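start08.pdb (PDB, C-alpha atoms)
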ATOM      1  CA  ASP T   7      98.122  96.557  92.195
ATOM      2  CA  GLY T   8      99.626  95.917  95.620
ATOM      3  CA  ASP T   9      99.527  97.616  99.021
ATOM      4  CA  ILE T  10     102.686  96.214 100.712
ATOM      5  CA  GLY T  11     105.975  98.105 100.934
ATOM      6  CA  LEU T  12     108.662  95.390 101.273
ATOM      7  CA  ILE T  13     112.032  96.304 102.822
ATOM      8  CA  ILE T  14     115.295  94.323 102.701
ATOM      9  CA  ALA T  15     118.421  95.602 104.499
ATOM     10  CA  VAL T  16     121.838  94.386 103.260
ATOM     11  CA  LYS T  17     125.186  95.060 105.047
ATOM     12  CA  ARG T  18     128.591  95.449 103.323
ATOM     13  CA  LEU T  19     129.390  92.142 101.534
ATOM     14  CA  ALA T  20     132.930  91.982 103.027
ATOM     15  CA  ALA T  21     131.352  92.003 106.524
ATOM     16  CA  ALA T  22     128.525  89.557 105.625
ATOM     17  CA  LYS T  23     128.047  85.922 106.649
ATOM     18  CA  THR T  24     131.465  85.511 108.306
ATOM     19  CA  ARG T  25     130.504  82.027 109.608
ATOM     20  CA  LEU T  26     130.453  80.893 105.912
ATOM     21  CA  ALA T  27     134.213  81.747 105.666
ATOM     22  CA  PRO T  28     135.315  78.155 106.586
ATOM     23  CA  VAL T  29     133.704  76.759 103.389
ATOM     24  CA  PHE T  30     134.212  79.671 100.920
ATOM     25  CA  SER T  31     137.053  81.901  99.681
ATOM     26  CA  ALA T  32     136.216  85.579 100.429
ATOM     27  CA  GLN T  33     135.170  86.427  96.816
ATOM     28  CA  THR T  34     132.995  83.300  96.627
ATOM     29  CA  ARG T  35     131.450  84.143 100.026
ATOM     30  CA  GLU T  36     130.515  87.660  98.818
ATOM     31  CA  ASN T  37     129.156  86.110  95.594
ATOM     32  CA  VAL T  38     126.969  83.680  97.604
ATOM     33  CA  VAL T  39     125.571  86.518  99.785
ATOM     34  CA  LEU T  40     124.741  88.622  96.684
ATOM     35  CA  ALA T  41     123.221  85.591  94.900
ATOM     36  CA  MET T  42     121.012  84.778  97.919
ATOM     37  CA  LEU T  43     119.746  88.422  97.762
ATOM     38  CA  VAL T  44     119.066  88.042  94.016
ATOM     39  CA  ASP T  45     117.102  84.787  94.523
ATOM     40  CA  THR T  46     115.189  86.317  97.489
ATOM     41  CA  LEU T  47     114.293  89.427  95.425
ATOM     42  CA  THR T  48     113.263  87.279  92.440
ATOM     43  CA  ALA T  49     110.883  85.145  94.563
ATOM     44  CA  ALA T  50     109.514  88.233  96.390
ATOM     45  CA  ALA T  51     108.826  90.128  93.121
ATOM     46  CA  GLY T  52     106.249  87.448  92.164
ATOM     47  CA  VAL T  53     104.051  88.359  95.176
ATOM     48  CA  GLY T  54     100.952  90.202  93.869
ATOM     49  CA  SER T  55     100.313  92.106  97.141
ATOM     50  CA  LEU T  56     103.633  94.026  96.873
ATOM     51  CA  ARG T  57     103.452  97.701  95.871
ATOM     52  CA  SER T  58     107.245  98.107  96.064
ATOM     53  CA  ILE T  59     110.506  96.479  97.074
ATOM     54  CA  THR T  60     113.122  98.727  98.679
ATOM     55  CA  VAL T  61     116.655  97.517  99.382
ATOM     56  CA  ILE T  62     118.705  99.627 101.797
ATOM     57  CA  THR T  63     122.447  99.000 101.646
ATOM     58  CA  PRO T  64     125.840 100.778 101.848
ATOM     59  CA  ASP T  65     127.230  98.102  99.475
ATOM     60  CA  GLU T  66     127.322  99.493  95.904
ATOM     61  CA  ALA T  67     127.499  95.955  94.399
ATOM     62  CA  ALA T  68     124.339  94.911  96.279
ATOM     63  CA  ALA T  69     122.732  98.264  95.351
ATOM     64  CA  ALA T  70     123.462  97.716  91.644
ATOM     65  CA  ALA T  71     122.170  94.115  91.771
ATOM     66  CA  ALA T  72     118.871  95.114  93.471
ATOM     67  CA  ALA T  73     118.321  98.156  91.197
ATOM     68  CA  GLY T  74     119.145  95.948  88.169
ATOM     69  CA  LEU T  75     116.172  93.712  89.141
ATOM     70  CA  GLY T  76     113.811  96.736  89.325
ATOM     71  CA  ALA T  77     113.916  97.280  93.102
ATOM     72  CA  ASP T  78     114.011 100.695  94.721
ATOM     73  CA  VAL T  79     117.351 101.283  96.450
ATOM     74  CA  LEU T  80     118.302 103.533  99.365
ATOM     75  CA  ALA T  81     121.922 104.318 100.209
ATOM     76  CA  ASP T  82     122.492 103.431 103.851
ATOM     77  CA  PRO T  83     124.337 106.389 105.510
ATOM     78  CA  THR T  84     124.404 104.758 109.007
ATOM     79  CA  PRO T  85     127.862 105.353 110.591
ATOM     80  CA  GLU T  86     130.228 102.442 111.253
ATOM     81  CA  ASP T  87     130.126 103.084 115.031
ATOM     82  CA  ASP T  88     126.297 102.977 115.348
ATOM     83  CA  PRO T  89     125.624 100.282 118.034
ATOM     84  CA  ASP T  90     122.621  98.790 116.133
ATOM     85  CA  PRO T  91     123.248  99.371 112.382
ATOM     86  CA  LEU T  92     120.681  96.773 111.182
ATOM     87  CA  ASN T  93     117.590  98.228 112.923
ATOM     88  CA  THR T  94     118.843 101.793 112.212
ATOM     89  CA  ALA T  95     118.876 100.951 108.468
ATOM     90  CA  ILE T  96     115.413  99.330 108.621
ATOM     91  CA  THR T  97     113.940 102.326 110.505
ATOM     92  CA  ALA T  98     115.531 104.711 107.944
ATOM     93  CA  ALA T  99     114.050 102.725 105.020
ATOM     94  CA  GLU T 100     110.691 102.582 106.874
ATOM     95  CA  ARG T 101     110.529 106.414 107.099
ATOM     96  CA  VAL T 102     110.876 106.608 103.283
ATOM     97  CA  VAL T 103     108.579 103.658 102.430
ATOM     98  CA  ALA T 104     105.892 104.917 104.888
ATOM     99  CA  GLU T 105     105.345 107.919 102.549
ATOM    100  CA  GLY T 106     103.914 105.520  99.902
ATOM    101  CA  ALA T 107     102.525 102.542 101.848
ATOM    102  CA  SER T 108     100.575 102.002 105.115
ATOM    103  CA  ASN T 109     101.541  98.293 105.262
ATOM    104  CA  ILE T 110     105.266  97.500 105.504
ATOM    105  CA  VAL T 111     107.045  94.120 105.555
ATOM    106  CA  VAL T 112     110.744  93.581 106.407
ATOM    107  CA  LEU T 113     112.263  90.465 104.803
ATOM    108  CA  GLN T 114     115.720  88.918 105.300
ATOM    109  CA  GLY T 115     117.858  88.988 102.132
ATOM    110  CA  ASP T 116     119.390  85.527 102.712
ATOM    111  CA  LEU T 117     116.409  83.302 101.800
ATOM    112  CA  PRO T 118     117.679  81.571  98.611
ATOM    113  CA  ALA T 119     115.080  78.730  98.809
ATOM    114  CA  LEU T 120     112.164  81.204  99.211
ATOM    115  CA  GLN T 121     109.146  80.400  97.011
ATOM    116  CA  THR T 122     106.831  83.263  95.917
ATOM    117  CA  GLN T 123     103.751  81.410  97.303
ATOM    118  CA  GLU T 124     105.398  81.126 100.761
ATOM    119  CA  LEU T 125     105.811  84.912 101.123
ATOM    120  CA  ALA T 126     102.339  85.570  99.615
ATOM    121  CA  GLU T 127     100.785  83.248 102.226
ATOM    122  CA  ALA T 128     102.818  84.735 105.108
ATOM    123  CA  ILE T 129     101.638  88.244 104.123
ATOM    124  CA  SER T 130      97.987  87.016 103.856
ATOM    125  CA  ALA T 131      98.285  85.584 107.396
ATOM    126  CA  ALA T 132      99.953  88.833 108.608
ATOM    127  CA  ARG T 133      96.940  90.925 107.389
ATOM    128  CA  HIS T 134      94.926  89.466 110.333
ATOM    129  CA  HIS T 135      97.252  91.319 112.784
ATOM    130  CA  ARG T 136      98.690  94.788 113.441
ATOM    131  CA  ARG T 137     102.232  93.454 114.002
ATOM    132  CA  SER T 138     103.352  89.884 113.226
ATOM    133  CA  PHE T 139     106.518  87.921 112.373
ATOM    134  CA  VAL T 140     107.773  84.564 111.071
ATOM    135  CA  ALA T 141     110.573  82.960 113.072
ATOM    136  CA  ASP T 142     113.466  81.441 111.125
ATOM    137  CA  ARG T 143     114.184  77.679 110.863
ATOM    138  CA  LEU T 144     116.047  77.361 114.211
ATOM    139  CA  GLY T 145     113.511  79.616 115.946
ATOM    140  CA  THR T 146     115.844  82.248 117.503
ATOM    141  CA  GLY T 147     115.796  84.729 114.542
ATOM    142  CA  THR T 148     113.178  86.475 112.369
ATOM    143  CA  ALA T 149     112.611  85.764 108.640
ATOM    144  CA  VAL T 150     109.890  88.409 108.174
ATOM    145  CA  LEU T 151     108.367  91.227 110.269
ATOM    146  CA  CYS T 152     105.011  92.731 109.226
ATOM    147  CA  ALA T 153     103.266  95.963 110.275
ATOM    148  CA  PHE T 154      99.781  96.890 108.984
ATOM    149  CA  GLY T 155      98.886 100.540 109.605
ATOM    150  CA  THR T 156     101.396 100.864 112.468
ATOM    151  CA  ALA T 157     105.152 101.335 113.057
ATOM    152  CA  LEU T 158     107.442  98.301 112.590
ATOM    153  CA  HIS T 159     109.500  98.696 115.807
ATOM    154  CA  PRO T 160     112.174  96.338 114.373
ATOM    155  CA  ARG T 161     114.244  94.261 116.809
ATOM    156  CA  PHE T 162     116.394  92.325 114.320
ATOM    157  CA  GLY T 163     119.735  90.893 115.467
ATOM    158  CA  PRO T 164     120.493  88.350 118.250
ATOM    159  CA  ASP T 165     117.375  86.686 119.734
ATOM    160  CA  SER T 166     115.074  88.716 117.416
ATOM    161  CA  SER T 167     112.175  86.197 117.584
ATOM    162  CA  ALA T 168     111.952  86.604 121.389
ATOM    163  CA  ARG T 169     112.391  90.395 121.155
ATOM    164  CA  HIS T 170     109.673  90.666 118.453
ATOM    165  CA  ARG T 171     107.376  88.474 120.594
ATOM    166  CA  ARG T 172     107.970  90.726 123.661
ATOM    167  CA  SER T 173     107.224  93.825 121.513
ATOM    168  CA  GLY T 174     103.710  92.381 120.913
ATOM    169  CA  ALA T 175     104.285  91.058 117.379
ATOM    170  CA  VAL T 176     102.203  87.894 116.900
ATOM    171  CA  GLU T 177     104.113  84.826 115.672
ATOM    172  CA  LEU T 178     102.747  83.333 112.429
ATOM    173  CA  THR T 179     102.868  79.604 111.880
ATOM    174  CA  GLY T 180     102.797  78.151 108.473
ATOM    175  CA  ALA T 181     105.434  75.644 107.386
ATOM    176  CA  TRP T 182     106.895  77.932 104.678
ATOM    177  CA  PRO T 183     110.323  76.166 104.866
ATOM    178  CA  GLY T 184     111.901  78.393 102.133
ATOM    179  CA  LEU T 185     110.806  81.547 104.015
ATOM    180  CA  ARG T 186     112.229  80.226 107.317
ATOM    181  CA  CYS T 187     115.545  78.958 105.950
ATOM    182  CA  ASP T 188     117.862  81.939 106.431
ATOM    183  CA  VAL T 189     121.536  81.137 105.774
ATOM    184  CA  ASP T 190     124.056  82.168 108.474
ATOM    185  CA  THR T 191     126.054  78.917 108.959
ATOM    186  CA  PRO T 192     127.232  76.133 106.575
ATOM    187  CA  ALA T 193     124.536  73.906 108.155
ATOM    188  CA  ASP T 194     121.896  76.529 107.216
ATOM    189  CA  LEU T 195     123.206  76.541 103.620
ATOM    190  CA  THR T 196     123.036  72.713 103.459
ATOM    191  CA  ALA T 197     119.384  72.856 104.592
ATOM    192  CA  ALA T 198     118.545  75.595 102.037
ATOM    193  CA  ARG T 199     120.142  73.610  99.204
ATOM    194  CA  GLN T 200     118.032  70.549 100.124
ATOM    195  CA  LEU T 201     114.861  72.706  99.879
ATOM    196  CA  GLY T 202     116.068  73.986  96.511
ATOM    197  CA  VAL T 203     117.848  77.313  96.042
ATOM    198  CA  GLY T 204     117.225  79.677  93.126
ATOM    199  CA  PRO T 205     119.564  79.801  90.077
ATOM    200  CA  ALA T 206     121.814  82.641  91.329
ATOM    201  CA  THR T 207     122.715  80.773  94.550
ATOM    202  CA  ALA T 208     123.015  77.460  92.610
ATOM    203  CA  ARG T 209     125.598  79.120  90.341
ATOM    204  CA  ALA T 210     127.490  80.814  93.210
ATOM    205  CA  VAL T 211     127.826  77.618  95.282
TER
END

Hey, can you dump this file as structure tokens for me?
Amino acid sequence: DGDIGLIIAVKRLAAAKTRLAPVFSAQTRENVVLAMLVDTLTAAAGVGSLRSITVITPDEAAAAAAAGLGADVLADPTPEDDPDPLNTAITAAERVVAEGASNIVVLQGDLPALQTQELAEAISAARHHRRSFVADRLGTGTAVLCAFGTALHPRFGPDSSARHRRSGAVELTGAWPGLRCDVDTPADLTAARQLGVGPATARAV
């Protein structure tokens, strides 16, 4: 059995992926965000090195979906006026997950084209470092952050790749297109769909 505690943080679905609003009705946009989480979780759950998957979210629909796939779920109590709610949530989940795992991996929940093998390989590569990350497709963001026997020090948000790099996290290379293809914009979604999205995202779009 595995040694990696995987964390995914998910914001309120109404707030999520607002740059997809031009191509989706609000209910369809929320459905796409949830479906991308489902496909990401499904791909991740195939990775043999995982001990657990923990989803932290204030969104009860996302909570139900994750729990319904056999993930651990943490309610996110982070106030609305917290200046950095994403990293606050990750750090909160980390404190819990750290009780049961020494090696923790934070994964974006909007990777609908993720293949199990891609994540497995990324984690194998990460084992050679204390802290490491995979940049997303366009290079400014972070698809995955990995910490082996040390604190994550997450710097997700704008310009996270650069911030992670500055923090001393080593950048992993490895094509892993499905791992890198996070979906923020319609262009990102087009790219993901060309790689091949999982069935939940296929249905939602």

| request: Considering only C-alpha atoms, state which residue in the set T:69, T:42, T:29, T:16 is at the smallest distance from residue 96 (chain T). | output: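 Closest to residue 96 (chain T), using only C-alpha atoms: T:16.
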
| request: Please write the residues picked by the PyMOL selection byres ((chain T and resi 168) around 10) on this file as a PyMOL selection string. | output: chain T and resi 141+145-148+161+164-167+169-173+175+177

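Residues with any atom within 6 Å of region 154-160 of chain T, counting all atoms listed in the file and excluding same-chain neighbours fewer than 2 positions away, are residues 93, 108, 109, 136 and 162 of chain T.
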
| said: Using only C-alpha atoms, which protein or nucleic acid residues come within 10 Å of residue 181 (chain T)? Drop anything in the same chain fewer than 6 positions from it, and give the result as a PyMOL selection string. | reply: chain T and resi 124+128+140+143

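All residues of protein, DNA or RNA that reach within 6 Å of residue 60 (chain T), judged by all atoms listed in the file and not counting those fewer than 2 positions away in the chain, are residues 13, 77, 78 and 79 of chain T.
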
| request: Determine the nearest neighbour of residue 71 (chain T) from the options T:84, T:55, T:37, T:24, counting only C-alpha atoms. | output: T:37

| said: Give me, as number ranges by chain, all polymer residues having an atom no more than 9 Å from residue 98 (chain T), counting all atoms listed in the file and skipping those fewer than 3 positions away in the same chain. | reply: T: 62, 82, 84, 93-95, 101-103

| note | What separates CA of residue 66 (chain T) and CA of residue 43 (chain T) is a distance of 13.5 Å

| task | Go through T:152, T:129, T:203, T:10 one by one, measure the shortest atom-to-atom distance of each to residue 49 (chain T) using all atoms listed in the file, and give the residue with the smallest value. | result | T:203
